[PDB]
Amino acid sequence: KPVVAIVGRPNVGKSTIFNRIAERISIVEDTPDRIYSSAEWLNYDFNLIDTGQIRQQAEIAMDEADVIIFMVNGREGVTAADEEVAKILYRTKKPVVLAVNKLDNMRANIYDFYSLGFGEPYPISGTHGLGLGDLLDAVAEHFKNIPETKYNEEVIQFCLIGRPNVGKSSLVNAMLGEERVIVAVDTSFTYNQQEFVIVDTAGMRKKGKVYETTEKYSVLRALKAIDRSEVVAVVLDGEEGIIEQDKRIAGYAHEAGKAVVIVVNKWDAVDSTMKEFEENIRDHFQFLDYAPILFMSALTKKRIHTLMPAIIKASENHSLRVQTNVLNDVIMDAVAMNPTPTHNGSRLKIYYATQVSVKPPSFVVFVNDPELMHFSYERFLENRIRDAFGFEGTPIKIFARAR
Ligand SMILES: Nc1nc2c(ncn2[C@@H]2O[C@H](COP(=O)(O)OP(=O)(O)O)[C@@H](O)[C@H]2O)c(=O)[nH]1
């Protein structure tokens, strides 16, 4: 069932590798010309795809395929022509893997290929079919995060999670009632003529034809939605306040690496009370600090509009992709301020940094010794980055590898 797309500028072995992991399909059940299932022998199954200036491939590809293999040529390196393909493929929420043709994993030791910014290279000799098992290992994993429900990439998916009676049902409509908004297990609406989807909106429709089973099945119901949403809205109870489950479902988002927002509903029904309740939230949600605290009301529409904007802001950042050149200026700037730690002689060195993921954005820092980068410096960098391009709404992770 999964769908994989080899992409890259022409004359890089795209056509070679395809035959490696190729029989064709014709008049059999499908959601599509020129589709193939995986080379039957192979460990796993999925569909391959022929995509038919390369902008046409790149879009048609990321229209119809949930894991994309972008393939350069390492005979003579990261071509000018290549960097524009990457630039096209930066506009996708789907995974991407980096095939580097004709190399020894040795000839692979090139920071240039990391720059392109889709993570680690995976070298592949093509004629001998070396280094390929690792590639399909790096691809297949993503099959485990492909949702069985799919939308156009320009659709934006989100959810209103929390404990019961807090506002979830009331508050969804108040938004839909606004004139900017224009009205299937989910609600598929538009705002400013742009598609939107509140994921599992039967979190409302089910609970009122059905006596409330128990905490377990509803939370699970919610965490399953979170797996499909890009922005979560953790929507509290303004009278009642903090607890277990709010935190529990809200902690899963950060641990899923999800764009979070903190809505405080039933604020009409509240009599300094903000900033004491804010730092009360920031105490008990001291990981969610990037995410903004909204003090709206569903019942009286108070600040109801302070919402879809904040989502778009969070959704925009969750995707937001930084230039490798600027980023390193920021990082070189980091150390000149605060020198790296001493481990009595052995000091940490930061050679080179680069973006690799999004949803949520993720950076690798290349160093002399990974464990020498203690978490303290790791966050210092994180805090520096956020004072540069904001990223206010989203989590970001910072891995680190030996050069
Ligand atoms: N009087 C009163 N009304 C409540 C109480 N709890 C909930 N409600 C009402 O029921 C609604 C519950 O909100 P809802 O959006 O359904 O939250 P959800 O059930 O978690 O989606 C509120 O807007 C309140 O008017 C309560 O303790 N007292």
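First, a word on scope: everything that follows refers to the structure included in this document. (Residues numbered from 1 in each chain as written, not as in the entry; some residues may be left out. Heavy atoms only, no water. Residues with missing side-chain atoms left out of burial classes, pairs and counts.)

With that settled, the discussion passes to the site of the ligand. Surrounding the ligand, one finds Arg163, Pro164, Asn165, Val166, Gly167, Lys168, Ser169, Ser170, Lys207 and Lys266. Separating an oxygen atom of the ligand from a backbone N or O atom of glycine 167 is a distance of 3.0 Å. In the environment of the ligand, an oxygen atom lies 2.6 Å from a nitrogen or oxygen atom belonging to the side chain of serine 169. A per-class count over the shell around the ligand returns 2 nonpolar, 4 polar and 4 charged. (Near = heavy atom within 4 Å. Polar contact = N/O pair within 3.5 Å; in protein donor to acceptor, adjacent residues only side chain to side chain. Nonpolar A, V, L, I, M, F, W, Y, C, P; charged D, E, K, R; others polar.)

Turning our attention to the sheet that holds strand β13 (residues 293–294). Read across the sheet, 7 strands follow the order β8-β9-β10-β7-β11-β12-β13 without closing on themselves; strand pairing throughout is mixed. The open sheet has two free edges, formed respectively by β8 (181–182) and β13, since each of these has just one partner strand. Both strand β7 (residues 157–161) and strand β11 (residues 231–237) contribute to a ladder of 4 bridges, which runs parallel. Within β11, the residue paired with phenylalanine 158 across the bridge is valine 231. (Pairing = 2+ DSSP bridges. Helix = DSSP H or I, 4+ residues; strand = E, 2+ residues; numbered from the N terminus.)

Time to look at the packing of aromatic side chains. One pass over the structure, following the stated rule, counts 14 aromatic pairs. Measuring from ring centre to ring centre gives 5.4 Å for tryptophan 267 and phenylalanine 295, while their planes differ by 45°; the resulting arrangement is tilted. (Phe/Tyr/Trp six-rings, centres within 6.5 Å; stacked < 30°, edge-to-face > 60°.)

The next subject is the pattern of salt bridges. Per the stated rule, a full pass over the model turns up 18 salt bridges. Residue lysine 1 pairs with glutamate 148 through a salt bridge whose shortest N-O separation is 3.2 Å. Of the two residues, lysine 1 and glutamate 148, both sit in the exposed class. Of the charged contacts, one joins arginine 91 and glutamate 59 as a salt bridge, the two residues approaching to 3.9 Å between their closest N and O atoms. (Salt bridge = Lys/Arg side-chain N within 4 Å of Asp/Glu carboxyl O. Buried < 20%, exposed > 50% of the residue type's maximum accessible area, 1.4 Å probe, protein only.)

Turning our attention to the side chain of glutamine 355. Summarising the element assignment, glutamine 355 is placed in strand β16 (residues 350–357). A polar contact is formed between the side chain of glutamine 355 and the backbone nitrogen of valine 322, at a distance of 2.7 Å. Separated by 3.2 Å, the side chain of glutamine 355 and the backbone oxygen of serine 357 make a polar contact.

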